[PDB]
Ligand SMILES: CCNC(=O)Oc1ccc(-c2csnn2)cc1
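For reference, the chain that follows is the form solved without the named molecule, supplied as structure tokens.
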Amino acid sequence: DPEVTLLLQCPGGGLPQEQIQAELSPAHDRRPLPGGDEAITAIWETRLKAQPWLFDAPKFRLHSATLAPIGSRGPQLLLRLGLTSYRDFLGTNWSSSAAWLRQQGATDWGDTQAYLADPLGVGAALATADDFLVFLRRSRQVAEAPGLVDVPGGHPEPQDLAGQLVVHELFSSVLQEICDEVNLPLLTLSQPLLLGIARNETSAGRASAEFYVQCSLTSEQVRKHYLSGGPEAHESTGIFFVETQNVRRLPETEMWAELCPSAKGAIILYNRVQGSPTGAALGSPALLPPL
């Protein structure tokens, strides 16, 4: 799977909010482009002169994520975050010249991402009470991955002592994205666990945090809530469910070719961190069938 790389796999079956530190610093920002940020302004002006209803929005930037030594007490992850925007994304990661920017960043900074906006996404492996994961079909009208299968998620917008508020907004944002798109009540959702971070090599390496969330509703009840919103309540064009039993071998199915890279990242991390049992009971052959 060349279009997805794992940056981080979390220990312990996934990390809760209380175990993560963030450092939000202008040191973690994109570097100014070699010939100046005028090239970003030119792309933005061209776009607004065709679609004048578009608007910019701020985004968090992922610089790096360092895990503590496994089995240690205290905070287990440090996220190094900067600030970026939708405009900077369109002028860098989504530019036809994104590969040239990656080569220049390796040359100038020893960092293939130094000249890239790299907005941080969030996605969820969302499990039902009857042990299915939730999938969404993307519209054929969207710019990126039209018509492909996705999981719930989005790109959170800004508003350890500014740190703890930023981690809170990341965890809150994945629940809000589930409530807004799947039309579920907030009180049917568990607090998220962070599974890891995946990079989308088709979008010049921008990263998504991938979370596990459990819902107290069955697959039939989740379907009713999603559909009872009507066509204007969701950006997706359909919902469907796969048994967690069957998620284990999803990369061997015809579905795998239809999944967008950030959804591939969510499913690889679900299989490595929530699946893949380590103990004698769940690891026994009748419960973990060979092949």
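The term rigid core refers to the most C-alpha atoms you can superpose between the two forms while keeping them within 1.5 Å. Numbering starts at 1 and follows the sequence shown.
Quick one: core-superposed, which stretch strays further from the shown model in 7 other deposited structures of this protein, 137-145 or 120-128? Go by RMS C-alpha distance.
Clearly, after the core fit, the stretch farther away in 7 other deposited structures of this protein is 137-145.
Count up the deposited residues without coordinates from residue 159 to residue 160 and drop the result into none, 1 to 3, 4 to 9, or 10 or more.
Unresolved stretch here: 10 or more residues.
Identify the stretch, either 94-102 or 139-147, whose C-alpha atoms have the larger mean B-factor according to the entry.
Here the higher of the two C-alpha B-factor means belongs to 139-147.
Report the stretch with the higher mean CA temperature factor, choosing between 231-239 and 47-55 on the basis of the entry.
Going by the record's values, the stretch with the higher mean is 231-239.
Comparing recorded Cα B-factors across 192, 121, 74, 152, which one is largest?
In the PDB entry, the greatest C-alpha B-factor among 192, 121, 74, 152 is found at 74.
From 81, 165, 174, 215, can you pick the one with the highest C-alpha B factor in the entry?
Of 81, 165, 174, 215, 165 has the highest C-alpha B-factor.
Taking the chain's C-alpha temperature factors as the reference, tell me which third residue 276 falls into: lowest, middle or highest.
Highest third.
Would the CA B-factor of residue 9 place it in the lowest, middle or highest third of its chain?
According to the entry, residue 9 has a C-alpha B-factor in the chain's middle third.
Test of reading the entry: by CA B factor among the chain's modelled residues, which third contains residue 21?
CA B-factor rank for residue 21: middle third.
Classify residue 188 as lowest, middle or highest third according to the C-alpha B-factor given in the PDB entry, relative to its own chain.
Residue 188: CA B-factor falls in the middle third of its chain.
Taking the C-alpha B-factors as the PDB entry records them, is residue 108 in the lowest, middle or highest third of its chain?
Tercile = middle for this residue's CA B-factor.
Same protein, other form: the form solved in complex with the named molecule, not shown, and the subject of what follows.
Could you confirm whether residue 91 comes within 4.5 Å of the named molecule in the bound PDB entry, counting heavy atoms only?
Outside the cut-off, so no.
Check whether residue 258 has any heavy atom within 4.5 Å of a heavy atom of the named molecule in the bound PDB entry, and answer yes or no.
No, residue 258 stays farther than 4.5 Å from the named molecule in the bound PDB entry.
Look up in the bound PDB entry whether residue 106 has a non-hydrogen atom within 4.5 angstroms of the named molecule, and give yes or no.
The answer is no: residue 106 has no heavy atom within 4.5 Å of the named molecule.
Just checking whether residue 236 would be counted as a contact of the named molecule in the bound PDB entry - the rule being heavy atoms within 4.5 angstroms.
Yes, contact at 4.5 Å.
Among 204, 133, 136, 197, which has at least one heavy atom within 4.5 Å of the named molecule in the bound PDB entry?
When the named molecule is considered in the bound PDB entry, the option within 4.5 Å is 136.
Which among 107-115, 214-222, 186-194, 144-152 is in contact with the named molecule in the bound PDB entry, heavy atoms within 4.5 angstroms?
Of the options, only 144-152 has residues within 4.5 Å of the partner.
Pick out the residues of 66-85 whose heavy atoms come within 4.5 Å of the named molecule in the bound PDB entry.
Not one residue comes within 4.5 Å of the partner.
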